[PDB]
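Structure 1 and structure 2, given next as structure tokens, are two forms of the same protein chain, each shown alone.
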Structure 1
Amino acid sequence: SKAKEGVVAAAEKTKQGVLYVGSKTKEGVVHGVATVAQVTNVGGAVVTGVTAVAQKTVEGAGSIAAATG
């Protein structure tokens, strides 16, 4: 009895400045997340560009659980 499952228990969180970005381009090609022709979780930040800035980003209580077959 094939059963390609995935057994997941996942979370908790019980709680109780200047930024400047200047840019100039010409003829840019960007591919953020591709898939050509197999899972792809994301639980934190994925930043993609020609200029990519990430500040104070991934702060607290993440969970990723994957399964397969």
Structure 2
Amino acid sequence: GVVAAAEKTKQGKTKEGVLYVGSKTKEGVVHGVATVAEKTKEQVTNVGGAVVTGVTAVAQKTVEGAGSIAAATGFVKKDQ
């Protein structure tokens, strides 16, 4: 029973402000989430929330609510 529950059981003014980023570069190479392999059997990539990538990559108020992820890999049975 490999489960994963999450409850934001909320019952009951926002004036946050700003966010500012600046960038000035010459050369840039970025790899966010890379899976490189050779001679494997299984490969999984469960993205529940977000994935944000780049020389300028911001993530504001990204995952509100309830993030739930089950993940099961393998579980072989060759007995007897």
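Each residue is numbered by where it sits in the sequence of structure 1, with counting from 1. Take the two forms, find the largest set of C-alpha atoms that superpose within 1.5 Å, and that set is the rigid core.
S23: Cα shift of 2 Å or greater between structure 1 and structure 2 (core-aligned): Yes, shifts by 2 Å or more.
After fitting the core, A11 CA displacement of 2 Å or more between structure 1 and structure 2: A11: C-alpha displaced by 2 Å or more between structure 1 and structure 2.
Displacement in Å of the C-alpha of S63 between structure 1 and structure 2, rigid core kept as reference: Its C-alpha position differs by 0.7 Å.
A45 CA shift between structure 1 and structure 2 in angstrom, with the core used for superposition: Comparing the two forms, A45 shifts 1.2 Å at C-alpha.
Distance moved by the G32 C-alpha between structure 1 and structure 2 (core-aligned, Å): On core superposition, this C-alpha lies 4.7 Å from its counterpart.
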